[PDB]
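First the structure, in the form of structure tokens, and then the observations on it.
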Amino acid sequence: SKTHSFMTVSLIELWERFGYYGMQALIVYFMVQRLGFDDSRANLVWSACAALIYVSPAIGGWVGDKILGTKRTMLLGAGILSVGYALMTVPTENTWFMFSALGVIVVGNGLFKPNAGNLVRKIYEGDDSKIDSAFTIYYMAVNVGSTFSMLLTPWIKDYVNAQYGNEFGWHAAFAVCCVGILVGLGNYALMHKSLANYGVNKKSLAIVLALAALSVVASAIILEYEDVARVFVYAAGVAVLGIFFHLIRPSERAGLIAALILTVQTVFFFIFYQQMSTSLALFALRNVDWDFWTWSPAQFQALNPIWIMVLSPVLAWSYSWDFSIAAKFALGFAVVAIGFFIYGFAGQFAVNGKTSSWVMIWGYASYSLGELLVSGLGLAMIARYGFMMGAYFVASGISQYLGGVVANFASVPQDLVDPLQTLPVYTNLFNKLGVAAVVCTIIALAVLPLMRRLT
Ligand SMILES: C[C@H](N)C(=O)N[C@@H](C)P(=O)(O)O
Ligand SMILES: [Zn+2]
């Protein structure tokens with residue numbers, strides 16, 4: 001009976017991320033192509049949205065576990081997400097229409113993501129090794145879903161734009177997101193009834209919905225106003241750095257210092273990882289050309305889940321059987337390093353103004369493999385000496401915005417359309433970032449003896 005209970009929760013996650021990534025691939029292009037955003041702001045706005053999205057399940061996790069139901073909060077978040085993309089199907093209107101929609105997605109995410117995952121931790125089966133195996137199948141469930149989205153939505157965006165100019169076009173794609181949610185939540189979520197935590201308090205339901213609407217407003221204001229989010233992130237940074245400042249204040253130092261390095265490396269990693277949704281997505285837009293009527297530049301992001309699915313069974317194959325396998329951080333950075341250098345040396349070979357189509361295929365292959373290697377991100381993994389549920393998680397949220405400030409180094413002015421000139425600024429970033437990625441590789445191994453010391 002464990003199988004059925006896991007199958008449903010996995011299918012809802014599949015369609016949820018279908019809608020989510022189906023939106024992610026296109027949103028930054030939407031701000032640039034349909035709306036008139038410059039890559040500078042487009043990167044910042046999307047990256048602040050990502051920061052909020054990452055940091056969202058913090059509040060909502062506690063909501064489903066202590067305030068309302070786990071299954072109920074999950075279902076609620078899914079409906080909120082549904083109305084989130086529902087808001088994305090209306091034309092242009094005030095710019096504030098989108099920011100609000102994003103804010104709704106923020107809130108929806110926070111109520112779905114942690115609880116849907118909590119169910120997998122609970123049912124099938126609960127306090128067993130099976131959990132780790134389960135979360136991998138669940139991990140794959142995301143990748144299969146986000147595949148069909150990141151391939152269909154830009155294709156539907158392109159196709160509908162050809163039949164009817166501007167509207168729906170992009171909004172047709174956002175409607176695809178919407179109906180995806182209405183497919184997962186609309187079917188699978190009510191097909192089975194599994195046991196959760198609370199199982200509804202109307203006073204608590206109300207106070208939650210009110211605060212959720214308010215959070216949509218507050219998110220919209222941080223997204224629209226560039227400087228506001230900048231201050232919000234800065235404040236969050238002084239916060240995280242302060243917590244670590246109090247934690248370190250002889251024997252505990254061996255773990256804490258290591259954790260401090262780990263968290264910053266995690267921060268570093270998220271920076272690299274955001275590039276593909278930002279700067280690398282923009283680089284790919286200034287090269288729609290594809291060899292391998294199709295194929296759209298946003299479709300390049302789909303390489304990520306596709307590569308993960310094909311490299312996963314390769315990595316699971318192990319001849320081993322030990323301890324301090326934190327060297328996988330270094331390898332990861334190292335593999336990310338050459339990935340960026342692929343884009344770095346893209347300007348040299350295969351260029352007709354600005355070409356290199358396969359450069360994205362092999363590049364993303366390297367990104368996905370590096371992401372695959374740093375799977376043990378766990379906040380408890382760094383906690384060897386317990387304020388990591390905050391400081392670390394928040395730091396990992398802050399980093400998402402930092403990825404946009406780093407993407408901004410490759411921001412092409414709106415008046416610059418000549419691909420022969422856009423190419424170098426992108427490669428110069430990618431060539432720099434690869435080098436920076438080697439620096440972390442060194443960092444990861446320099447901190448290795450500190451992991452050897454505590455054990
Ligand atoms: C599909 C994508 N590569 C992925 O696995 N994402 C998970 C880490 P998330 O959907 O929880 O961010
Ligand atoms: Zn170089």
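Every residue, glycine as well, gets a Cβ built from its backbone with ideal geometry; the counts of neighbours run over all protein chains shown. Values in this text are rule-based calculations from the coordinates and carry no lab data.
Give me a comma-separated list of calculated 3J(HN,Hα) values for the stretch 67-79, in order, Karplus coefficients 6.51, -1.76, 1.60 applied at θ = phi - 60°, integers in Hz, x for any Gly or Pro.
8, 10, x, 5, 5, 4, 5, 4, 4, 5, x, 5, x
With 29 Å as the limit, write out which pairs from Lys122/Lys202; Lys130/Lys203; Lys122/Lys157; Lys113/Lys203; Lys2/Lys328; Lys2/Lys66 have Cα-Cα distances beyond it, or answer none.
Details: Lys122/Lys202 26 Å; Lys130/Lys203 38 Å; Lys122/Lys157 39 Å; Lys113/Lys203 24 Å; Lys2/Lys328 33 Å; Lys2/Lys66 24 Å.
Distance filter (> 29 Å) returns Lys130/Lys203; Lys122/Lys157; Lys2/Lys328.
Evaluate 2.2 N^0.38 Å with N set to the residue count of the stretch 171-234, then give the Cα radius of gyration divided by it. Walk me through the intermediate numbers first.
Values: Rg = 17.5 Å, N = 64, 2.2 N^0.38 = 10.7 Å.
Dividing the Cα radius of gyration by 2.2 N^0.38 Å gives 1.64.
Tell me, what is a quarter of the convex hull surface for the C-alpha atoms of the stretch 176-321, in nm² with one decimal?
On the way: hull surface 71.4 nm².
It is 17.8 nm².
How do 94-106, 412-424 rank on mean C-beta neighbours within 10 Å, highest first? Present the calculation step by step, with values, prior to reporting the outcome.
On the way: 94-106: 20.9, 412-424: 13.8.
Highest to lowest by the protection proxy: 94-106, 412-424.
Over the alpha-carbon set of the stretch 33-104, work out the extent along each principal axis and list the three values in angstrom, largest first.
43, 24, 14
For the chain, what is the mean residue ellipticity at 222 nm derived from helices alone (per DSSP H run of n ≥ 4: -39500 (n - 2.57); sum divided by total residues; nearest 500 deg cm²/dmol)? Show your work: numbers first, answer last.
Working: 18 runs with 323 residues, N = 455.
Rounded to the nearest 500, the figure is -24000 deg cm²/dmol.
Evaluate the Debye formula for the stretch 70-223 with equal point scatterers sitting on the alpha carbons, no solvent, and hand back log10 of I(q)/I(0) at q = 0.14 Å⁻¹, in q order, two decimals.
-0.82
Strictly greater than 21 Å: what percent of every Cα pair in the stretch 331-451 meets that? List each step's numbers first, then the result.
Values: 3650 of 7260 pairs.
Summing the P(r) of the stretch 331-451 above 21 Å gives 50 percent of all pairs.
Roughly what would the spin-label model give for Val200 and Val417, points 7 Å off Cα along C-beta, in nm?
Output for this residue pair reads 5.1 nm.
Which Rg and Dmax, in Å, describe the Cα atoms of the stretch 259-363?
16.3, 51
So for the stretch 1-149, what are the equivalent ellipsoid semi-axes in whole Å, largest first, each being the square root of 5 times an eigenvalue of the Cα gyration tensor?
On the way: eigenvalues 188, 51, 33 Å².
The equivalent ellipsoid of the stretch 1-149 has semi-axes of 31, 16, 13 Å.
Calculate the length of the line joining the C-alpha centroid of the stretch 427-455 to that of the stretch 200-241, in whole Å.
Their Cα centres are 34 Å away from one another.
Any idea what Rg and Dmax come out to for the chain if you just take the C-alpha atoms, in Å?
21.7, 69
HN-Hα J couplings of the stretch 21-26 from phi, Karplus 6.51/-1.76/1.60, θ = phi - 60°, integer Hz, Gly and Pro as x?
Per-residue couplings from phi come out as 6, x, 7, 3, 4, 9 Hz.
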